[PDB]
Amino acid sequence: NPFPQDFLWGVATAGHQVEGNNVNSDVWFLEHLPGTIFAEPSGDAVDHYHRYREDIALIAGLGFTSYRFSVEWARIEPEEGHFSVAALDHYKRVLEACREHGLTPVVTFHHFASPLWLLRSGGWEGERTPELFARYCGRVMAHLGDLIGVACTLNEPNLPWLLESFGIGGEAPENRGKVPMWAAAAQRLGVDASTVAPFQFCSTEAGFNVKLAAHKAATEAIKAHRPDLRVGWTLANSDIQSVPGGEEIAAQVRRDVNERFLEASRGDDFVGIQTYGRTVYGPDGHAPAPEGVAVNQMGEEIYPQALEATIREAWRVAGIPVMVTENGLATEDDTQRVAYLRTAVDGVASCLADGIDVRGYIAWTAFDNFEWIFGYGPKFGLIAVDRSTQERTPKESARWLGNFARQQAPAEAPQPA
Amino acid sequence: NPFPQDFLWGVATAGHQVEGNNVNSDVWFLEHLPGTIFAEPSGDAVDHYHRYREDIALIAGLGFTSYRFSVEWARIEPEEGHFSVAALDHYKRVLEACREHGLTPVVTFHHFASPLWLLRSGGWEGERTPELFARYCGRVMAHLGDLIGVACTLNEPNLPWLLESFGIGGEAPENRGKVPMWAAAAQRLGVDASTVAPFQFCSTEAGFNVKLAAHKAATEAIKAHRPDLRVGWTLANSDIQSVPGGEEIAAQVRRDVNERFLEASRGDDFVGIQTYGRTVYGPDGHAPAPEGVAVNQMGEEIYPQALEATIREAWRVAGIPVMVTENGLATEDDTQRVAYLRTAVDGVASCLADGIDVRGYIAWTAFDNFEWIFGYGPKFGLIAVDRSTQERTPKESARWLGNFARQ
């Protein structure tokens, strides 16, 4: 068996995507702006904020051994310097639920959404962000740090560098004013549009430095409470490929998005790898590539072979233990998700059988949810939710993966201790 | 007793003062503005949002038969036209807890705090405000109306008029810009200050018409779900008195603040009376306490005889049943509170005994809480909360009044 007994089998969520009523967040604010690129508001999402106990019990019943979720800074520090012990107690009860159900909690301290007030100090390019984040992380540790299994500081700091290569984003700061969304944003924040920089859109050297310092200062804050607790960030590392004409563009992208962040990870306990497919570049940049085999729901290629390739890359470049903190598939046909997961798990086993220190596998996502700018259309969940009633119904993929996890545990009788 | 069989004995709260994290409300926003008049932010308050079950068990264990609390528009409709079913289920659970503990729930549909977005459309001077408020009251009824024991549409529409008589607000709208907090509110909302009108500061003719229209449209929305449910609004009615020199001033205030609103109440099923003390006017306007006892934490005269007066007044002007939806005392010494509640309650019984139809007594307030611009200084609670730990400790007044109910 290539998986060790302590290997984590989980599903992941992000607070804004499942909790509902993240009304103090930047993303919420962006969802309701006149010029918005968000297709619909998050609203209640799946109401994980109130239903987490039953959600945890469901997940643990399916045989998962871990649960990854975010603590939301927008709730914890709702205005700069005014921490909410009430919200911190909410997340302590979440962690207590995990622990009562045997789940190791993988806590993401930040998952794109920020308190809206942060966007007035320059957001993820502001020089105070690294220390405010770190202060924030110390406060969460102060209140519930003993209950965390594993810590992820930041989710996908490199995402917008990859989106820029499409590229959706990455206007120059001096040009953010010309996209409606940013112009509006700045106006109501009472601030200049060149200074508007939520986490997931910022691909600027300022933003690189701010992200890295925030990671660094947060790790230290966290270690001050639990020196034993393993910490890393997570990366949006695709399997980068090319066709003829795209070799140099592919190389540039692999370098700026993947290797640069993995180089920056080399001090850490682990790195989180988040991978869905390959990303192919030709002479005109991004090519949704040649066709076969997705047909994902978004019309992207179904290529869970990517995971094994990014795990290998991460081991090579960073040389630290890897945890797969996201992996999954957007599809309305769950039989495709099952076949995808079989292959991705094979990818993991294959890396482990080669001596790569992989420490868990966490599927994106637990429940069909708010897929950022595309809203509720894209279905990534291993568990269905009828949002109108909030009823949860596990899909076969949840039973398959859950039961795979369960079937890796030893089976010995009790032994005098 | 002269208390009928089904007289309600309650304690009351307001969602902004007790729940914590009312981050989408207009008040929250005003608490954090640069030139704010709020002495401190509400923050977590006493975290009633999370602890309500324990709070209601405690309330019920003490002997009360009723609980008055708000549902917060700021959480139910966080953006105009976007209702939260999860916020509605929360409140649904609050009502289920009440009933599980045998407590008749008295729900206030609005208790000063509004969604921040409402302030961008002219707030409680906004001409769409009545129909928005009614629509909101409808959604709440659709989700949970069957669990409400009594309904209070609006809390103290008339408060800011009373305060104006102390020269404490009531700038004409053209001069709102001159108050720092309004100028800051304006700038952050992208709106002119003349337009900024949160409920409890708005004592303008427009705000009278808007409040009244909202109360009426809300009443009609709630009866479309529950024609049996008793509906009214609550009034900030002091026992307005004079000394020689103050007669015209006193009559004026009595007419604009109490009688005008009681007249406006004449169609309703009951009027909620909220009274704490007397307000005395002399030749120089509002008079300070005499070399006359106690006094309360705010230096106002401790005057429980006020309640009997405002009940008699309401019966006379409105002519409909009276519910005491707030009465109590701000004080650090609870022995003063016990004595106050005893006499107030005697005042109520004396009204009852004269045939005035009083339907309930509800004390302000369950828990020491966020007293608006005064922050956590003032202690009105029958139950103490050490906010650092959120630990609840019933004062003697809790056990006194609870036990009084229990007979």
Side-chain angles (χ1 to χ4, degrees), chain B residues 12 155-166 168 203 232-265 270-331 336-337 339-354 356-358 360-365 378 380:
Chain B
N155 186 76
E156 297 175 1
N158 62 337
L159 185 58
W161 277 266
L162 183 63
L163 297 182
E164 196 178 11
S165 94
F166 314 153
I168 283 192
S203 58
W233 70 354
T234 81
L235 298 180
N237 287 7
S238 193
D239 174 18
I240 299 283
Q241 291 171 19
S242 63
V243 288
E247 298 81 6
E248 283 63 43
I249 293 169
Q252 212 69 192
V253 175
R254 205 184 272 116
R255 199 51 183 63
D256 306 334
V257 186
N258 304 35
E259 314 181 356
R260 178 171 200 192
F261 291 79
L262 292 162
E263 278 158 10
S265 311
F270 72 99
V271 63
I273 298 296
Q274 315 204 158
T275 303
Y276 295 87
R278 59 175 190 175
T279 310
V280 174
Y281 297 85
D284 295 347
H286 177 33
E291 279 317 87
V293 93
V295 64
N296 82 352
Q297 225 178 331
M298 332 312 318
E300 307 159 305
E301 189 176 356
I302 303 190
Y303 197 67
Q305 293 82 3
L307 186 56
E308 167 169 8
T310 61
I311 291 170
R312 292 191 184 279
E313 184 187 59
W315 185 244
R316 170 171 130 274
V317 179
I320 58 164
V322 169
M323 185 162 274
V324 180
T325 49
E326 300 176 15
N327 178 245
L329 178 58
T331 176
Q336 287 183 324
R337 180 170 301 101
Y340 177 102
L341 290 174
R342 203 198 322 285
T343 305
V345 165
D346 278 342
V348 176
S350 155
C351 289
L352 280 171
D354 287 358
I356 300 173
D357 180 10
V358 187
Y361 178 79
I362 311 181
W364 184 262
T365 189
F380 274 110

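All heavy atoms count here, side chains included; hydrogens, waters and symmetry mates do not. The sequence lines fix the lettering, A, B, ..., with proteins before strands; numbering per chain opens at 1.
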Q | ring pair (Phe, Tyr, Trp, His ring centres under 6.0 Å) partners for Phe270(B), two or more places apart | A | none

Q. Which pair of heavy atoms, one from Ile356(B) and one from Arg312(B), lies closest together, and at what distance?
A. CD1-NH1, 3.9 Å

Q: Check whether any side-chain heavy atom of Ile249(B) sits under 4.5 Å from a side-chain heavy atom of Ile240(B), and report yes or no.
A: no

Q. Is there a donor-acceptor contact under 3.5 Å from the side chain of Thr310(B) to the main chain of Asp239(B)?
A. no

Q: Take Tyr361(B) and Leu341(B), measure what side-chain contact (heavy atoms from CB on, under 4.5 Å) needs, and give me the verdict at the end.
A: CA-CA 10 Å; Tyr361(B) 178 79; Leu341(B) 290 174; 3.0 Å; yes

Q) Out of curiosity, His286(B) NE2 to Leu163(B) CG, how far, rounded to the nearest 0.5 Å? A) 9.5 Å

Q. Looking only at atom types and distance, does a side-chain atom of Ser265(B) sit under 3.5 Å from a main-chain N or O of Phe261(B), one as donor and one as acceptor?
A. yes

Q | Heavy-atom check, side chain of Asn258(B) versus side chain of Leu235(B), under 4.5 Å | A | no

Q: Kindly give the heavy-atom pair with the smallest separation between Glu259(B) and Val317(B), and that separation in Å.
A: O-CG1, 3.7 Å

Q | Smallest separation among heavy atoms of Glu313(B) and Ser238(B), with atom names | A | OE1-O, 4.5 Å

Q | Shortest non-hydrogen contact from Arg254(B) toward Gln241(B) | A | NH2-CA, 4.2 Å

Q. If every non-hydrogen atom of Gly299(B) is compared with every non-hydrogen atom of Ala289(B), which pair is closest and at what distance?
A. O-CB, 3.8 Å

Q) Any side-chain donor-acceptor pair under 3.5 Å between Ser165(B) and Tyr281(B)? A) yes

(Q) Tell me every residue that passes ring pair (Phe, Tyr, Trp, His ring centres under 6.0 Å) with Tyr276(B), counting only those two or more places apart in sequence or in another chain. (A) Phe380(B)

Q: May I ask you to check whether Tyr340(B) and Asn327(B) show a side-chain donor-acceptor distance below 3.5 Å?
A: yes

Q. If only atom types and distance count, is the side chain of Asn158(B) paired as donor or acceptor with the main-chain N or O of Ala236(B) below 3.5 Å?
A. yes

Q: Verify, without hydrogens or angle tests, whether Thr325(B) (side chain) and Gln274(B) (backbone) share a donor-acceptor contact under 3.5 angstrom.
A: no

Q | Residue that, paired with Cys351(B), satisfies side chain to side chain contact (heavy atoms under 4.5 Å, CB included) out of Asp357(B), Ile311(B), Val322(B) | A | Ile311(B)

Q. Hey, does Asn237(B) have a side-chain heavy atom less than 4.5 Å from the side chain of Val271(B)?
A. no

(Q) Give me the atom names and distance for the closest heavy-atom approach of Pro244(B) to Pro283(B). (A) O-CD, 3.8 Å

Q: Evaluate the criterion side-chain contact (heavy atoms from CB on, under 4.5 Å) for residue pair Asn296(B) and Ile302(B); output intermediate values, then yes/no.
A: CA-CA 6 Å; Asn296(B) 82 352; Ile302(B) 303 190; 4.1 Å; yes

Q: Output yes when a side-chain donor or acceptor of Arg337(B) lies under 3.5 Å from a complementary backbone atom of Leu329(B), and no otherwise.
A: yes

Q.
Treating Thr234(B) as the side-chain partner and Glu156(B) as the backbone partner, does any N or O pair qualify as donor plus acceptor under 3.5 Å?
A. yes

Q. Counting distance only, does the side-chain N/O of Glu326(B) pair as donor-acceptor with the main-chain N or O of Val324(B) below 3.5 Å?
A. no

